[PDB]
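Spelled out, the chains give:
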Amino acid sequence: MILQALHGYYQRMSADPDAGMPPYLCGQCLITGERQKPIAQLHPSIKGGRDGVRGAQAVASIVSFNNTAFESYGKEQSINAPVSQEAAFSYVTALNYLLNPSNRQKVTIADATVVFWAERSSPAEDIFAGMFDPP
RNA sequence: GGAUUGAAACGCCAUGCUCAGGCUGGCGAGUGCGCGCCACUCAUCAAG
């Protein structure tokens, strides 16, 4: 799932008037499964550093095909991972929102930074921060 | 015999724990303490 779950999280948070943000060839999107949608050539970047993934570059990303060895079936750049532009923006925005330390849904474990959330509003979201790292 | 988001893909090159430093200086097992008090080898049996 993963990318689809971030998309669903954006859908959930974007509905609320607060604690979120509403901002907005053809193919089939692998995130939503919708057919005939404008595929994205290049996904918006994901924050690195203090407000993002610790140890990564400021403009890190999840989907990238910057070298030829990573390209298959004659596809160029992110066309190798066909996802509609709106879905790409939504999942990137959700991941960035979770990566913001101001929101209490982030924890760093050695090399990796862990972000967690629930399918619906629940007190577990603010509780689990202590489970993985008790005070 | 066209296609297993496949086909190809080193964590890899190299790096003294070393230089050294008494467990030593010295301290009676010692002062003393009967194996000793008694007790028949003895009552017999030619030499051939």
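Residues numbered from 1 in each chain as written, not as in the entry; some residues may be left out. Chains lettered and ligands numbered in written order. Part of a larger assembly, values for the part shown. Heavy atoms only, no water. Residues with missing side-chain atoms left out of burial classes, pairs and counts.

As recorded in the PDB header, cryo-EM is the method behind this entry, and the stated resolution is 2.7 Å.

*Asks:* An account of the overall build of chain A is requested, with residue identities and associated values reported.
*Replies:* Helices and strands together make up the secondary structure of chain A, namely three helices and four strands. Secondary structure elements of chain A, listed N to C terminal, follow the sequence α-β-β-α-β-β-α. Taking the principal axes of the C-alpha coordinates as reference, chain A spans close to 50 × 30 × 20 Å. (Helix = DSSP H or I, 4+ residues; strand = E, 2+ residues; numbered from the N terminus.)

*Asks:* Tell me about the pairing of strand β3 (residues 106–109), and please be specific about residues and values.
*Replies:* Strand residues, when the strand is regular, have side chains that alternate between the two faces of the sheet. Two strands pair when backbone bridges link them, and β3 and strand β4 (residues 112–115) are joined in this way by four bridges, in the antiparallel orientation. By the bridge assignment for β4, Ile109 is matched with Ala112. (Pairing = 2+ DSSP bridges.)

*Asks:* Which residues make up the packing of helix α1 (residues 3–15) against helix α2 (residues 85–99), and what values do they have?
*Replies:* Axis separation between α1 and α2 bottoms out at 8 Å; the angle between their running directions is 80 degrees. With respect to α2, the axis of α1 lies roughly perpendicular. In this structure, α1 uses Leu3, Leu6, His7, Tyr9, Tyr10 and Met13 to contact α2, whose residues at the interface are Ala87, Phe89, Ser90, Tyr91, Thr93, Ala94, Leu95, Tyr97 and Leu98. Residue composition of the contact of α1 with α2, grouped by class: 12 nonpolar, three polar and no charged. (Axes fitted to C-alpha atoms, helices over the stretch in contact; angles between N-to-C directions. Parallel < 35°, antiparallel > 145°, perpendicular 65-115°, else oblique. Contact = heavy atoms within 4.5 Å. Nonpolar A, V, L, I, M, F, W, Y, C, P; charged D, E, K, R; others polar.)

*Asks:* So what's going on with the protein's contact with RNA strand B? Which residues, and what values?
*Replies:* Around RNA strand B, the neighbouring residues are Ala69, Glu71, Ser72, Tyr73, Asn80 and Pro82. Counting only the atoms of RNA strand B within 4 Å of the protein, the fraction contributed by sugar and phosphate is 21%. Note that a base nitrogen of RNA strand B is positioned 3.4 Å from one of the backbone N or O atoms of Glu71. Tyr73 has a polar backbone atom sitting 2.6 Å from a base oxygen of RNA strand B. Here the surface near RNA strand B is built from residues that sort into three nonpolar, two polar and one charged. (Near = heavy atom within 4 Å. Polar contact = N/O pair within 3.5 Å; in protein donor to acceptor, adjacent residues only side chain to side chain.)

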